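Report on one structure; see the data block that follows.
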Amino acid sequence: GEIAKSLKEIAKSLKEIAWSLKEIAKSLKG
Amino acid sequence: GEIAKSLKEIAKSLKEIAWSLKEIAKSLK
Amino acid sequence: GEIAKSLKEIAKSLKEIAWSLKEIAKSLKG
Amino acid sequence: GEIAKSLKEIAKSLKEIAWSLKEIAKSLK
Amino acid sequence: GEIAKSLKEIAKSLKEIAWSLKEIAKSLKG
Amino acid sequence: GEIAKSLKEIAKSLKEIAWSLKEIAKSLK
Numbered sequence: 001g002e003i004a005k006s007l008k009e010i011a012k013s014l015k016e017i018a019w020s021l022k023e024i025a026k027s028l029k030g
Numbered sequence: 001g002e003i004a005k006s007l008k009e010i011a012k013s014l015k016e017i018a019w020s021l022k023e024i025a026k027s028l029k
Numbered sequence: 001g002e003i004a005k006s007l008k009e010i011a012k013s014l015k016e017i018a019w020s021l022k023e024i025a026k027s028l029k030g
Numbered sequence: 001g002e003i004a005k006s007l008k009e010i011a012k013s014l015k016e017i018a019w020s021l022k023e024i025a026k027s028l029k
Numbered sequence: 001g002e003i004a005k006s007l008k009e010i011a012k013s014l015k016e017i018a019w020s021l022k023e024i025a026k027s028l029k030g
Numbered sequence: 001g002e003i004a005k006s007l008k009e010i011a012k013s014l015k016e017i018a019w020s021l022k023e024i025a026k027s028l029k
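Residue numbers (the authors' numbering), protein chains in the order written: chain E, 1 to 30; chain F, 1 to 29; chain D, 1 to 30; chain A, 1 to 29; chain C, 1 to 30; chain B, 1 to 29.
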């Protein structure tokens, strides 16, 4: 249960990290 | 037990990493 | 079920993170 | 057993990673 | 099963992520 | 067995990543 819960939080953080790195990538093109 | 505790620490570090990257994205724009 | 699902989403997010970092790496050379 | 130890090492590396991104975030501001 | 496949893709992505961050580290000196 | 092995490779990769991010932080100062 808790393991499942932590993993969706981990999953959600990685989605956010994924989004931010795409934006960083896009910006570094200039 | 320990696996759960490690996973909670992992989850928390990742929120911190997510936040810093938000700030970094904002600074580079 | 849910753990596998989260792990499957974690895997997809890291593929995206990997690709974005390649793009950033490419940009810093170029 | 081995699974827990890997997770505790994973936890510590993510803490190091979080701190470094804090540092990076500060410099880019 | 599915968990194992997911952990290996993750393991593989992190190797790539590691390589890219190394290239980034290298470029940022000059 | 395979789960344990994957987690150990995950742990080692996170160590490399931690090392890289340290180098990146220093150059950005």
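Backbone N, C-alpha and C fix where the C-beta goes; we use that ideal spot for every residue, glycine too.
Using a Cβ-Cβ distance under 7 Å, would residue i count as near chain B?
i             : result
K15 (chain C) : yes
Compare the C-beta of residue i against all C-beta atoms of chain D and say whether one is closer than 7 Å.
i            : result
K5 (chain E) : no
So residue i is in the alpha helix (DSSP H); what residue range does that whole segment cover?
i                    : result
residue 30 (chain A) : A question about residue 30 (chain A) goes unanswered here, because the residues of chain A that appear run from 1 up to 29.
Suppose you measure from the CA of residue i to the CA of residue j; what does that come to, to the nearest Å?
i             : j             : result
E9 (chain E)  : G30 (chain C) : 38 Å
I3 (chain D)  : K22 (chain D) : 28 Å
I24 (chain D) : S20 (chain C) : 8 Å
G1 (chain D)  : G1 (chain A)  : 23 Å
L7 (chain B)  : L7 (chain D)  : 13 Å
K5 (chain E)  : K5 (chain B)  : 23 Å
Give me the Cβ distance between residue i and residue j, rounded to the nearest whole Å; I'm assuming they're in contact under 8 Å.
i             : j             : result
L28 (chain C) : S27 (chain B) : 4 Å
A11 (chain D) : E16 (chain C) : About 13 Å separates the two Cβ atoms, so there is no contact after all.
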